[PDB]
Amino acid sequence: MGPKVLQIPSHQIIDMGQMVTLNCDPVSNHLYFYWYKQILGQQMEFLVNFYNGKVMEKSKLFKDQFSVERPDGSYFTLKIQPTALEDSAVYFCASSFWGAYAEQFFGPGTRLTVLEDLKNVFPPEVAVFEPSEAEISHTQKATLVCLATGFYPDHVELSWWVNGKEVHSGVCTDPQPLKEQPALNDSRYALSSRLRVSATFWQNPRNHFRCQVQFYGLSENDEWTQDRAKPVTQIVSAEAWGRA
């Protein structure tokens, strides 16, 4: 409730040994600003906090490779350089009013993925699988399935769009992707989602269904010399029309 902590960018890929800057916009009148690091989508670790123009506390984990500042009118920033594979994590910014008892309000996080080499980065391919006649006949419902395959790293957001507007009802998307080759340390990923509608809605050739997969990939500044298209941030979609 009220203003939220904002973070830019939501996702970032970087080559090992470079510099990255993560940006945070704290609640406007908060006084204390913090950075935390979440590993493997669970363990959460404090890095540093900042008050009245200066670093206050810092953990054993706030390396000399880290710097923070907040110029007047600018974002509260965390800079990491040189990056290492171990810096791969989701970084959360937080802000609070005065007091060790104060609630800390968190941003949405920036997922930073540091890679030994960018040649492993691939956007998803996307397919939509149409409801079965057998399900329609049996249940009077109709389940579409979307599959996003072959992407790396795990930097996707999947959404469903019905007749041009996003839908949330009747949707379930896997919370985790599967590794396509679990033995490989740089295995590409697959992710599925379902959208279920009434048979009456699917059995209409004028109803349109689209699975959209937002991929967060390489940056304009990232170097690319390979023959295939540079795997930049992009949307890949697949679609189906209803059938009478």
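Heads up: residue numbers just count along the shown sequence, starting at 1.
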Averaged over C-alpha atoms, is the B-factor higher for 135-143 or for 76-84 in this PDB entry? 76-84
35-43 versus 65-73 - which carries the larger mean C-alpha B factor in the record: 65-73
Based on the PDB record, which member of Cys172, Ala100, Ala94, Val126 exhibits the highest Cα temperature factor? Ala100
Looking only at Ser192, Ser198, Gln214, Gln181, the Cα with the top B-factor belongs to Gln181
Using only modelled residues of the chain, where does the Cα B factor of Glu116 rank: lowest third, middle third or highest third? highest
Is the Cα B-factor recorded for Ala229 in the lowest, middle or highest third of its chain? lowest
Chain-wide C-alpha B factor ranking for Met1, given as lowest, middle or highest third: highest
Third of the chain, ranked by Cα B-factor, where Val236 sits: lowest
With respect to C-alpha B-factor, does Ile13 fall in the lowest, middle or highest third of the chain as deposited? lowest
